[PDB]
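Below is one structure; the comments refer to it alone.
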Amino acid sequence: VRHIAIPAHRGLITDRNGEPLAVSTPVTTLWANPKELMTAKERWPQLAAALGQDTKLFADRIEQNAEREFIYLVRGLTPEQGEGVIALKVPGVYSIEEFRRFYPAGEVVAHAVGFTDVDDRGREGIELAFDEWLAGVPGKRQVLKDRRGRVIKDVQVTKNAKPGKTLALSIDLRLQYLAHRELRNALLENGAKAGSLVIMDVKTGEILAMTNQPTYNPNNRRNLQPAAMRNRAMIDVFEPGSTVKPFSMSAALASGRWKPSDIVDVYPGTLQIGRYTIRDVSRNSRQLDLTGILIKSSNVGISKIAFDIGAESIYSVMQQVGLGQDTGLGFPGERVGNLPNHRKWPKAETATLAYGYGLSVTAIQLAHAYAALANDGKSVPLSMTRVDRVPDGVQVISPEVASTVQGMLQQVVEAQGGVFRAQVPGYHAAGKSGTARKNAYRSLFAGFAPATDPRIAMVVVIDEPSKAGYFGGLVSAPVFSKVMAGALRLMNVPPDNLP
Ligand SMILES: *C(=O)[C@H](CO/N=C(\CCC(=O)O)C(=O)O)NC(=O)/C(=N\OCc1cc(=O)c(O)cn1O)c1csc(N)n1
């Protein structure tokens, strides 16, 4: 080794507004030439103490490595701590300017921003996904070692350590803080195991917030269990249940055979498909219109519509909105989930698909799907980075069918017997709850607002609420209301519910 690489300054990660999220902070690494340290043995106890180390263990280490010309003493200390060891004037001890990451928002954006390893290389989240952009390239400086390893002179500074590039995230730190606090509070109040909350800008494909509970302080990574490190919104796959019925309804409305005032008979709240029985959660209905099917979350109702239209039209919509499909985000450990397909769709698979059983999705897929519906049936590619020029997007559902589904979803939140807990102060809000049985449950609420001209889509996933109430509308809906209210206010969205 006659040439050494100067660690590059890792690029700044900021939120959409330039609020710092990952900052490269100067640190100092101490290394030694054992052949030189072996000539200053009386100095070892002073040095042993200065680096923390036990006196005899430190000496054993230098005696074993006595023939080597380089070893690390201690990596990434505070510059002043490094200074304090250099000030001892121990022959063979040399310093290196190094970089370590500091995460100002800490636990609030841990899962999204991720973290770097010992070597300042991206390991998790955005740190890894954008490692090439962030890392830059180290620089080579020529050194002059006589023979014993003693540095005489820096001959030629050929290549300079090119710093990493800045990266602005789509995340709004104000919305992220609001989402994190409200999800944390919901978990406490419901005695929940875990939770996820995703906020999307419907017009840009931007992830405005992505929070998971439990979270970790990335700055104090020691002791940590992977349960708090899981980026659940992108990794945890679940059956979306009744939250996918608006998509089955979109295929119904696009077929030409269905209108919202159409009536379905769901009595007695059960439907036998030979060996299999479709069962409604509440079984006190007979005739329901299409909005009623969504309000009462009738699996029987949607299965009957599904038999009429075919599972092919339902599969298509779900697939086009991104459920069980690649998000193109390239995040570490990102699960794609599953949208089963068939040549010939059997009656049982048709029903289960219509009501969200069998298929598995991520919180991120569900939010993106709701964003397409909120964005007048137009799907915009997902983004974790600030979007300056909006991509063209794909018309996945017709503007008219999307507008009708929106009105129905507004009625799911507003109408008698609906999800009144999702209601947003001064705005019309639209959405659908879900309760997936795992005897444990996953509480879901997906929606968007203002129901008039939608701006933001939101998915709230509450994993295992241990209180008497577990339905998505009891558990996840009040979280949506609070976070949606705060987000509409922060983005200065005009109210649509005035006289
Ligand atoms: C939608 O998510 C449905 C219906 O329940 N949804 C509710 C409950 C509130 C209410 O309407 O009274 C909501 O909107 O919050 N979810 C289910 O049907 C699921 N589980 O419930 C039990 C169940 C499961 C099942 O497979 C079945 O055929 C019948 N029942 O009763 C569910 C759907 S996917 C999954 N893992 N669970």
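Residue names in the structure tokens use chain letters A, B, ... in the order shown, residue numbers from 1 in each chain, and ligand numbers from 1 in the order shown.
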
Contacts of residue 477 of chain A within 6 Å, only C-alpha atoms, excl. fewer than 2 positions in-chain, as a list in words: residues 421, 422, 445, 473, 475, 479 and 480 of chain A

Deliver the residues from the most recent selection as a file, using N, CA and C atoms, as a compact mmCIF listing (two decimals), in the first residue's frame.
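Once everything was written out, this is selection.txt:
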# COMPACT_ATOMS: atom_id res chain seq x y z
N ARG A 421 -65.95 8.64 11.66
CA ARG A 421 -64.69 8.92 12.35
C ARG A 421 -63.57 9.38 11.39
N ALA A 422 -63.76 9.19 10.07
CA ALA A 422 -62.84 9.57 9.01
C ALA A 422 -63.07 11.01 8.59
N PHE A 445 -57.54 1.74 6.91
CA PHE A 445 -58.31 2.86 6.39
C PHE A 445 -57.50 3.46 5.25
N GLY A 473 -62.53 1.08 10.69
CA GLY A 473 -63.29 2.31 10.89
C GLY A 473 -63.33 2.82 12.31
N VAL A 475 -60.61 2.01 14.49
CA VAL A 475 -59.20 2.11 14.82
C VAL A 475 -58.37 3.05 13.90
N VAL A 479 -57.31 8.25 12.91
CA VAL A 479 -55.92 8.60 12.58
C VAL A 479 -55.91 9.38 11.23
N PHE A 480 -56.65 8.86 10.23
CA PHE A 480 -56.83 9.44 8.90
C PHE A 480 -57.36 10.87 9.06

Contact residues around residue 305 of chain A with only C-alpha atoms at 10 Å, ignoring same-chain residues under 6 positions, as number ranges by chain: A: 248-249, 251-252, 257-258, 264, 290, 311, 350-351, 354

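Nearest to ligand 1 of all the residues A:389, A:432, A:304, A:101 is A:432, based on only C-alpha atoms and all ligand atoms.
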
All residues within 7 Å of ligand 1 are required, counting only C-alpha atoms and all ligand atoms; please report them as an mmCIF file with N, CA, C and O atoms, in the first residue's frame.
data_model
loop_
_atom_site.group_PDB
_atom_site.id
_atom_site.type_symbol
_atom_site.label_atom_id
_atom_site.label_comp_id
_atom_site.auth_asym_id
_atom_site.auth_seq_id
_atom_site.Cartn_x
_atom_site.Cartn_y
_atom_site.Cartn_z
ATOM 1 N N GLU A 239 -53.474 -8.946 3.342
ATOM 2 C CA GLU A 239 -54.676 -9.038 2.525
ATOM 3 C C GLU A 239 -55.410 -7.716 2.717
ATOM 4 O O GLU A 239 -55.660 -7.320 3.865
ATOM 5 N N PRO A 240 -55.634 -6.958 1.615
ATOM 6 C CA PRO A 240 -56.219 -5.608 1.762
ATOM 7 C C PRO A 240 -57.710 -5.571 2.083
ATOM 8 O O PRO A 240 -58.221 -4.514 2.417
ATOM 9 N N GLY A 241 -58.367 -6.731 2.036
ATOM 10 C CA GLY A 241 -59.770 -6.884 2.381
ATOM 11 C C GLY A 241 -60.674 -5.925 1.648
ATOM 12 O O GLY A 241 -60.546 -5.754 0.430
ATOM 13 N N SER A 242 -61.584 -5.274 2.398
ATOM 14 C CA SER A 242 -62.601 -4.351 1.860
ATOM 15 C C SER A 242 -62.081 -3.056 1.245
ATOM 16 O O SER A 242 -62.850 -2.394 0.541
ATOM 17 N N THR A 243 -60.788 -2.712 1.486
ATOM 18 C CA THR A 243 -60.151 -1.505 0.934
ATOM 19 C C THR A 243 -59.968 -1.591 -0.596
ATOM 20 O O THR A 243 -59.699 -0.568 -1.238
ATOM 21 N N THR A 277 -68.031 -20.881 1.512
ATOM 22 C CA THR A 277 -69.042 -19.912 1.931
ATOM 23 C C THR A 277 -68.499 -18.483 2.118
ATOM 24 O O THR A 277 -67.596 -18.252 2.928
ATOM 25 N N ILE A 278 -69.045 -17.533 1.334
ATOM 26 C CA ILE A 278 -68.709 -16.108 1.428
ATOM 27 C C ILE A 278 -69.511 -15.617 2.646
ATOM 28 O O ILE A 278 -70.719 -15.851 2.721
ATOM 29 N N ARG A 279 -68.847 -14.980 3.596
ATOM 30 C CA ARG A 279 -69.505 -14.526 4.800
ATOM 31 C C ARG A 279 -69.323 -13.039 5.046
ATOM 32 O O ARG A 279 -68.199 -12.519 4.993
ATOM 33 N N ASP A 280 -70.438 -12.340 5.312
ATOM 34 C CA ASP A 280 -70.387 -10.913 5.628
ATOM 35 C C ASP A 280 -70.096 -10.737 7.101
ATOM 36 O O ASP A 280 -70.440 -11.610 7.914
ATOM 37 N N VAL A 281 -69.411 -9.656 7.449
ATOM 38 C CA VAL A 281 -69.050 -9.403 8.838
ATOM 39 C C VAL A 281 -70.300 -9.039 9.685
ATOM 40 O O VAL A 281 -70.488 -9.590 10.782
ATOM 41 N N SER A 282 -71.194 -8.214 9.108
ATOM 42 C CA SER A 282 -72.480 -7.802 9.680
ATOM 43 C C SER A 282 -73.522 -8.469 8.789
ATOM 44 O O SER A 282 -73.452 -8.326 7.568
ATOM 45 N N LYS A 296 -71.578 -1.040 4.274
ATOM 46 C CA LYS A 296 -71.749 -2.248 5.092
ATOM 47 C C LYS A 296 -70.644 -3.262 4.856
ATOM 48 O O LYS A 296 -70.652 -4.325 5.490
ATOM 49 N N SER A 297 -69.687 -2.941 3.934
ATOM 50 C CA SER A 297 -68.557 -3.805 3.554
ATOM 51 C C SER A 297 -69.058 -5.224 3.190
ATOM 52 O O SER A 297 -68.534 -6.221 3.677
ATOM 53 N N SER A 298 -70.088 -5.301 2.346
ATOM 54 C CA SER A 298 -70.695 -6.581 1.990
ATOM 55 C C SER A 298 -69.860 -7.367 0.994
ATOM 56 O O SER A 298 -69.781 -6.986 -0.179
ATOM 57 N N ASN A 299 -69.220 -8.460 1.483
ATOM 58 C CA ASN A 299 -68.410 -9.380 0.676
ATOM 59 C C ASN A 299 -69.322 -10.112 -0.298
ATOM 60 O O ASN A 299 -68.967 -10.276 -1.458
ATOM 61 N N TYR A 355 -63.439 -9.003 -2.941
ATOM 62 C CA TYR A 355 -63.402 -8.513 -1.572
ATOM 63 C C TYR A 355 -62.050 -8.502 -0.856
ATOM 64 O O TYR A 355 -62.027 -8.326 0.359
ATOM 65 N N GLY A 356 -60.947 -8.640 -1.603
ATOM 66 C CA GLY A 356 -59.586 -8.512 -1.077
ATOM 67 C C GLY A 356 -58.982 -9.652 -0.287
ATOM 68 O O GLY A 356 -58.064 -9.431 0.501
ATOM 69 N N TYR A 357 -59.478 -10.875 -0.491
ATOM 70 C CA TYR A 357 -58.927 -12.061 0.149
ATOM 71 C C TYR A 357 -58.059 -12.792 -0.909
ATOM 72 O O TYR A 357 -58.291 -12.669 -2.109
ATOM 73 N N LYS A 432 -62.368 4.255 2.431
ATOM 74 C CA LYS A 432 -62.859 2.910 2.687
ATOM 75 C C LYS A 432 -62.066 2.278 3.817
ATOM 76 O O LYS A 432 -60.850 2.368 3.832
ATOM 77 N N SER A 433 -62.754 1.657 4.784
ATOM 78 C CA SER A 433 -62.086 0.942 5.864
ATOM 79 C C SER A 433 -61.936 -0.530 5.479
ATOM 80 O O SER A 433 -62.571 -1.016 4.528
ATOM 81 N N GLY A 434 -61.111 -1.222 6.239
ATOM 82 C CA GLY A 434 -60.882 -2.645 6.082
ATOM 83 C C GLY A 434 -60.484 -3.276 7.397
ATOM 84 O O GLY A 434 -59.829 -2.641 8.230
ATOM 85 N N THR A 435 -60.867 -4.529 7.585
ATOM 86 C CA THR A 435 -60.504 -5.328 8.760
ATOM 87 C C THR A 435 -60.102 -6.703 8.247
ATOM 88 O O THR A 435 -60.964 -7.489 7.865
ATOM 89 N N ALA A 436 -58.799 -6.962 8.186
ATOM 90 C CA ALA A 436 -58.252 -8.251 7.774
ATOM 91 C C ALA A 436 -57.913 -9.168 8.988
ATOM 92 O O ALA A 436 -57.006 -8.855 9.770
ATOM 93 N N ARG A 437 -58.647 -10.300 9.127
ATOM 94 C CA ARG A 437 -58.426 -11.346 10.145
ATOM 95 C C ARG A 437 -57.155 -12.116 9.719
ATOM 96 O O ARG A 437 -57.055 -12.522 8.560
ATOM 97 N N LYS A 438 -56.165 -12.248 10.628
ATOM 98 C CA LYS A 438 -54.873 -12.904 10.349
ATOM 99 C C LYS A 438 -54.894 -14.430 10.541
ATOM 100 O O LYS A 438 -55.718 -14.969 11.284
ATOM 101 N N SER A 443 -56.167 -3.548 11.146
ATOM 102 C CA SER A 443 -57.136 -2.470 10.958
ATOM 103 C C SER A 443 -56.672 -1.503 9.837
ATOM 104 O O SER A 443 -55.567 -0.952 9.891
ATOM 105 N N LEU A 444 -57.531 -1.309 8.819
ATOM 106 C CA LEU A 444 -57.165 -0.500 7.659
ATOM 107 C C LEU A 444 -58.108 0.635 7.367
ATOM 108 O O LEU A 444 -59.321 0.498 7.502
ATOM 109 N N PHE A 471 -62.197 -3.029 14.300
ATOM 110 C CA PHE A 471 -62.563 -2.665 12.920
ATOM 111 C C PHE A 471 -61.790 -1.440 12.428
ATOM 112 O O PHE A 471 -61.592 -0.486 13.195
ATOM 113 N N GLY A 472 -61.369 -1.485 11.163
ATOM 114 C CA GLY A 472 -60.636 -0.408 10.493
ATOM 115 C C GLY A 472 -61.198 0.986 10.706
ATOM 116 O O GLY A 472 -60.442 1.932 10.931
ATOM 117 N N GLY A 473 -62.527 1.080 10.695
ATOM 118 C CA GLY A 473 -63.292 2.307 10.891
ATOM 119 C C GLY A 473 -63.330 2.821 12.312
ATOM 120 O O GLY A 473 -63.648 3.992 12.542
#

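Of the listed residues (A:37, A:402, A:134, A:208), A:37 comes nearest to residue 63 of chain A; the distances count only C-alpha atoms.
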
Selected residue of minimal separation from residue 151 of chain A among A:397, A:209, A:88, A:93, counting only C-alpha atoms: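 Between A:397, A:209, A:88, A:93, the residue approaching residue 151 of chain A most closely is A:93.
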
Counting only C-alpha atoms, the option among A:165, A:9, A:378, A:386 closest to residue 399 of chain A: A:378

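Separating atom CA of residue 33 of chain A from atom CA of residue 162 of chain A is a distance of 28.0 Å.
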
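Counting only C-alpha atoms and comparing A:82, A:164, A:149, A:328, the residue that lies closest to residue 13 of chain A is A:164.
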
Strand (DSSP E or B) call set, DSSP backbone run, segment 103-317 of chain A, as number ranges by chain: A: 115-116, 122-124, 137, 139-145, 151-154, 162, 167-169, 194-201, 206-213, 238, 263-265, 270-273, 276-279, 287-289

Using only C-alpha atoms: which of A:6, A:38, A:363, A:323 has the shortest distance to residue 99 of chain A: A:6

Quick one: residues within 10 Å of residue 333 of chain A, only C-alpha atoms, excluding same-chain residues fewer than 6 positions away - as an mmCIF file with N, CA, C and O atoms, in the first residue's frame?
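Output (out.cif):
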data_model
loop_
_atom_site.group_PDB
_atom_site.id
_atom_site.type_symbol
_atom_site.label_atom_id
_atom_site.label_comp_id
_atom_site.auth_asym_id
_atom_site.auth_seq_id
_atom_site.Cartn_x
_atom_site.Cartn_y
_atom_site.Cartn_z
ATOM 1 N N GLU A 124 -29.416 0.874 4.461
ATOM 2 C CA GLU A 124 -30.868 0.810 4.568
ATOM 3 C C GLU A 124 -31.475 2.056 3.976
ATOM 4 O O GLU A 124 -30.796 3.080 3.872
ATOM 5 N N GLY A 125 -32.748 1.948 3.594
ATOM 6 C CA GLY A 125 -33.569 3.012 3.025
ATOM 7 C C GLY A 125 -32.960 3.758 1.863
ATOM 8 O O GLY A 125 -32.275 3.175 1.016
ATOM 9 N N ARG A 230 -37.839 -2.648 10.708
ATOM 10 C CA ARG A 230 -38.640 -3.031 9.540
ATOM 11 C C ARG A 230 -39.368 -1.835 8.925
ATOM 12 O O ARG A 230 -40.112 -1.137 9.618
ATOM 13 N N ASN A 231 -39.119 -1.576 7.636
ATOM 14 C CA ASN A 231 -39.832 -0.521 6.919
ATOM 15 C C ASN A 231 -41.156 -1.181 6.424
ATOM 16 O O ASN A 231 -41.268 -1.602 5.273
ATOM 17 N N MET A 234 -43.396 -0.751 3.252
ATOM 18 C CA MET A 234 -42.852 -1.299 2.006
ATOM 19 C C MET A 234 -42.532 -2.803 2.040
ATOM 20 O O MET A 234 -42.309 -3.403 0.983
ATOM 21 N N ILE A 235 -42.454 -3.390 3.239
ATOM 22 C CA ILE A 235 -42.068 -4.795 3.425
ATOM 23 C C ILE A 235 -43.243 -5.662 3.828
ATOM 24 O O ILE A 235 -43.412 -6.725 3.248
ATOM 25 N N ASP A 236 -44.034 -5.237 4.819
ATOM 26 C CA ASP A 236 -45.171 -6.008 5.318
ATOM 27 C C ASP A 236 -46.228 -6.157 4.243
ATOM 28 O O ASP A 236 -46.652 -5.165 3.644
#

Gap from atom CA of residue 34 of chain A to atom CA of residue 97 of chain A - Å, one decimal: 20.4 Å

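Between atom CA of residue 106 of chain A and atom CA of residue 21 of chain A the separation is 8.0 Å.
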
Residues within 7 Å of segment 50-60 of chain A, only C-alpha atoms, excluding chain neighbours under 6 positions, as a ChimeraX atom specification: /A:44,74,85
